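Backbone-built Cβ (ideal geometry, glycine too); neighbour counts: all protein chains shown. Please treat every number below as a calculation from the coordinates, not as lab data.
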Amino acid sequence: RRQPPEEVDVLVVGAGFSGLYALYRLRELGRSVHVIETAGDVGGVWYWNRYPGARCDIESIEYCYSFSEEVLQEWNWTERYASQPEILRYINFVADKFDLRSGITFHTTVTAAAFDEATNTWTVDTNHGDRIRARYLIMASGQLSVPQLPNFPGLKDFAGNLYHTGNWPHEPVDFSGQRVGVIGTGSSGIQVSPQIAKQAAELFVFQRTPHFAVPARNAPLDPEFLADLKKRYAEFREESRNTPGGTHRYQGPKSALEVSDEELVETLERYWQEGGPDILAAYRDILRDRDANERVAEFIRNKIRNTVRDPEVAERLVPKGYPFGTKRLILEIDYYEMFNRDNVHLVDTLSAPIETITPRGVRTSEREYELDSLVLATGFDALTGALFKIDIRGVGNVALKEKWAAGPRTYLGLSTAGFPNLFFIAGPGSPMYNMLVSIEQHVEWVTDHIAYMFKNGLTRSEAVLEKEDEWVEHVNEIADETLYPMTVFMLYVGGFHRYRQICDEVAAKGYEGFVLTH
Ligand SMILES: Cc1cc2nc3c(=O)[nH]c(=O)nc-3n(C[C@H](O)[C@H](O)[C@H](O)COP(=O)(O)OP(=O)(O)OC[C@H]3O[C@@H](n4cnc5c(N)ncnc54)[C@H](O)[C@@H]3O)c2cc1C
Ligand SMILES: NC(=O)c1ccc[n+]([C@@H]2O[C@H](COP(=O)([O-])OP(=O)(O)OC[C@H]3O[C@@H](n4cnc5c(N)ncnc54)[C@H](OP(=O)(O)O)[C@@H]3O)[C@@H](O)[C@H]2O)c1
C-alpha cells in the first residue's frame, strides 16, 4: 500500500472516473496532487459493482473520457452499452497509460477533514492513521459509493450466502442448483436477476415499488462505424457537450397529447424497438405535464402486460402512481421475459411485507422462503452518503453534516459556504444524466479554478452564502416546471448545456459567487 504524502497542493478522495481525471489534470497543470481510495484499485462504481449483468445505460461512444486523443483512438468499444468488466478494463487502461496509480493511496479510507483558517489548509485523516495537509480538497467520493445495507430484522441470522451487488465478490459466484433470493428491483436487481435465473434452481425476486424499465436492445458495435466516428470524435463530443443530456439524443418536437392513438403507438413502438432511454424524449412534454406523461406511461404498462404471460404477475410488475421518467430510466435485457421462466417467482412485498430474515431465508407476512443465497440489490445511501461517513469540519469547526442536515446547500453544486477550498465532483445541485460529460466538465472547472488560485497567489476560495441560497432557490424553481418534484431539490434539471454555460460565465467573471482571499 502506498503512503499518502505529508503535504500536497490538492488531495483527491476517490479513484473512480472523477478522481482519476482530477489527478491527471492537476498533474498536467503543474500541481502536487494525490488520491485516497478505499478500494484496492481504480474504477469506482465499476470496481465495486461486479455483479453479473452490470452494464452501462449510456452508449459506449458517449460514456467515456474525451480529454485524451490517444485514448479515443486506441480504445475499441465492442457493444452499444459497455458491460462493467469492459468499463473497468477501459479505466485500468487509462490508469496504465498515464501512470496514475503512482499518485494514489489504495486500501485507505478518509475519515476526517478539518479546515484551518490560520493556514488556509485542510488536515485530512484516514482510518489507517495517516495525516495529510492539503490546500484544496476535491471530493470525488461519488454519488452512489456507499452500499446501503437494508435494515432488515434478523439479517445476521441468515445461514446461507449473503451478497450485495454494490460490493460483489471479485471471483464469479456460481448459483447453479441454488434457491436464490434477490431483494430490490432497481437497475441493479433488474440487471442481475436475469443472469442469476440462468443458474439457480429457484429464483425469488422480492419487489417493493415497481419501476419502469425499457429494453436496452444491446448490440455489437459496428467496427467500421467506430472507425468513421474516430476521425470526427472531437466534433462529436462537442456536439454532445451542447445537449441537455450531455449525450446525442433526438428531441421530440410534438406534444404527447396532440397526437392520435395510432401515431402515438407507432412512434413509441419505434423507440421500443430501437431500444435505449431515448424514448424519454419521444415527445417534448413527457416530463413537463402529467397528462402527456401518463399517456406515454400507459403504453409502456401495456407492453409489460403483453410480455408477461401471467396477467397476475404482469399487473404487479406494472408501475402505477408515480410518473414515468421521474426516476432514472432503467434498461432491461430479458427481465420481463424472465418472469415467464418456470424457476422465477415475483414476490410482491407491497402486499406481503418482509417481517424478518431467518436462518433459512426470508419471512414475509405470507410465508417463509427457504434460500441458499440472498442477494441484496437495495441501492445505496443518498448522494451525501460518502460525505456523511466523513467528519468534515469547516470554518468555526462547524460540521458539514449539520449544515447539510436539512439537505445539501451548494453554489453550483461545486462548493458550500463555510467550507473553503473544498469542491464536490458530480455532486448535488449539478446535472446528472451522462455523468462522464458532467464529470469532465466538473473536473476541468475545478482544476482550472485551482490553477487560477495558484497563478494569482490566492489561497482561500469560498462560495458566498447569498449565492448559495440563490442557487438553491433557482434549482428549486426550474424544477417546478417538471414532474420531478412528484417523488431542497438535489438535481439540477436545467440541462448540461445550460449548466456549463452558467459555470463558464461564473468563471469568466472572476468566479462570481466566490470570495478569493489570502
Ligand atoms: C452500478 C452503477 C451503474 C452506473 N451506471 C451508470 C451509467 O450507465 N451511466 C452514468 O452516466 N452513470 C452511471 N452510474 C453513476 C456513476 O456514479 C457515475 O457514472 C460515475 O461512475 C461516478 O464516478 P465517480 O468517480 O464520481 O464516483 P465513483 O465511481 O463512485 O467513485 C467514488 C470512489 O470514492 C471512494 N471513496 C468514497 N468515500 C471515500 C473515502 N472517505 N475515502 C476514500 N475513498 C472513498 C469509493 O470507494 C469509490 O471508489 C452508475 C453507478 C453505479 C453504482
Ligand atoms: N446504468 C445501469 O445499468 C445501472 C446499474 C445499477 C445502478 N445504476 C444506478 O445507480 C442507482 C441505484 O441503482 P440500484 O438498483 O442499485 O438501487 P435503487 O435504484 O435505489 O433501487 C433499490 C431497490 O431495492 C429496494 N429496496 C431497497 N431497500 C429495501 C427494503 N428495505 N425492503 C425492500 N426493498 C427494498 C427498492 O424498492 P423501493 O423502490 O420500493 O424503495 C428498490 O426497488 C440508480 O440511480 C441507477 O440509475 C445504474
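Some notes on this structure:
- Qualifying residue in the range 345-363 (condition: of a type in the set (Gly, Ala, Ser), more than 15 Å from ligand 2 (Cβ to nearest atom) and farther than 20 Å from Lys156 by Cα): no
- Among the residues of this structure, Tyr47 counts as one that is in a helix (DSSP H, G or I), among the aromatic types (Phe, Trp, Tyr) and within 8 Å of ligand 1 (Cβ to nearest atom).
- Scan of the range 178-196 for residues that are surrounded by fewer than 23 Cβ atoms within 10 Å (Cβ to Cβ) and either of a type in the set (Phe, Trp, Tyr) or away from ligand 2 (no atom under 13 Å from the Cβ) (or both), ordered by number: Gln178, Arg179
- Residue check, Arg25 part of a loop (DSSP other than H, G, I, E, B) and either surrounded by fewer than 22 Cβ atoms within 10 Å (Cβ to Cβ) or of a type in the set (A, V, I, L, M, F, W, C) (or both): no
- From the list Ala200, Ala227, the one residue that fits, being assigned to a loop (DSSP other than H, G, I, E, B), more than 16 Å from ligand 2 (Cβ to nearest atom) and hydrophobic (A, V, I, L, M, F, W, C), is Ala200.
Conditions tested, residue by residue: (1) closer than 17 Å to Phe339 by Cα; (2) assigned to a helix (DSSP H, G or I).
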| residue | (1), (2) |
| --- | --- |
| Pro172 | no, no |
| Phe175 | no, no |
| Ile190 | yes, yes |
| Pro210 | yes, no |
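- Condition check for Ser18 on (1) within 16 Å of ligand 2 (Cβ to nearest atom); (2) assigned to a loop (DSSP other than H, G, I, E, B); (3) in contact with a helix residue (DSSP H, G or I) (Cβ under 6 Å, 6 or more places away or on another chain): one failure, at (2).
- Filter result (of a type in the set (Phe, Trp, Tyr) and surrounded by fewer than 20 Cβ atoms within 10 Å (Cβ to Cβ)) within the range 28-76: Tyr65, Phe67, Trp75
- Odd one out for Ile58 among (1) away from ligand 2 (no atom under 16 Å from the Cβ); (2) of a type in the set (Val, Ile, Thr); (3) under 18 Å from the mean Cα position of the chain (by Cα): (1)
- Any chance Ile425 is touching a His at 6+ places or on another chain (Cβ under 7 Å) and under 16 Å from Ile138 (Cα atoms): yes
- Pairs with Cβ under 8 Å, 6+ apart, first in the range 480-493 and farther than 17 Å from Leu280 by Cα, second surrounded by 18 or more Cβ atoms within 10 Å (Cβ to Cβ) and of a type in the set (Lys, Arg): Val488/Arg409
- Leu331 falls short on exactly one of the conditions (1) touching an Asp or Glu at 6+ places or on another chain (Cβ under 6 Å); (2) crowded, with 16+ Cβ neighbours inside 10 Å; (3) assigned to a loop (DSSP other than H, G, I, E, B), and that condition is (3).
- Failed item, numbered, when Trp122 is tested on (1) within 26 Å of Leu23 (Cα to Cα); (2) part of a loop (DSSP other than H, G, I, E, B); (3) of a type in the set (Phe, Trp, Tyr): (2)
- Test: residue in the range 333-341 that is more than 16 Å from ligand 2 (Cβ to nearest atom) and touching a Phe, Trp or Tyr at 6+ places or on another chain (Cβ under 8 Å): no
- Which numbered condition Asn49 fails, given (1) within 16 Å of ligand 2 (Cβ to nearest atom); (2) farther than 19 Å from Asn92 by Cβ: (2)
- Looking only at the range 80-102, residues that are more than 21 Å from the chain's Cα centre (by Cα) and either within 13 Å of ligand 1 (Cβ to nearest atom) or buried (at least 21 other Cβ atoms within 10 Å of the Cβ) (or both) come to 1 in all.
For (1) over 24 Å from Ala118 (Cα atoms); (2) aromatic (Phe, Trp, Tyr); (3) away from ligand 2 (no atom under 16 Å from the Cβ), each residue gets a yes or a no:
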site: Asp381; (1), (2), (3): yes, no, no
site: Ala386; (1), (2), (3): yes, no, no
site: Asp391; (1), (2), (3): no, no, yes
site: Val395; (1), (2), (3): no, no, yes
site: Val398; (1), (2), (3): no, no, yes
site: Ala405; (1), (2), (3): yes, no, yes
site: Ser415; (1), (2), (3): no, no, yes
site: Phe419; (1), (2), (3): no, yes, yes
site: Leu422; (1), (2), (3): no, no, yes
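- Residues being in a loop (DSSP other than H, G, I, E, B) and surrounded by fewer than 17 Cβ atoms within 10 Å (Cβ to Cβ) - total across the range 161-170: 2
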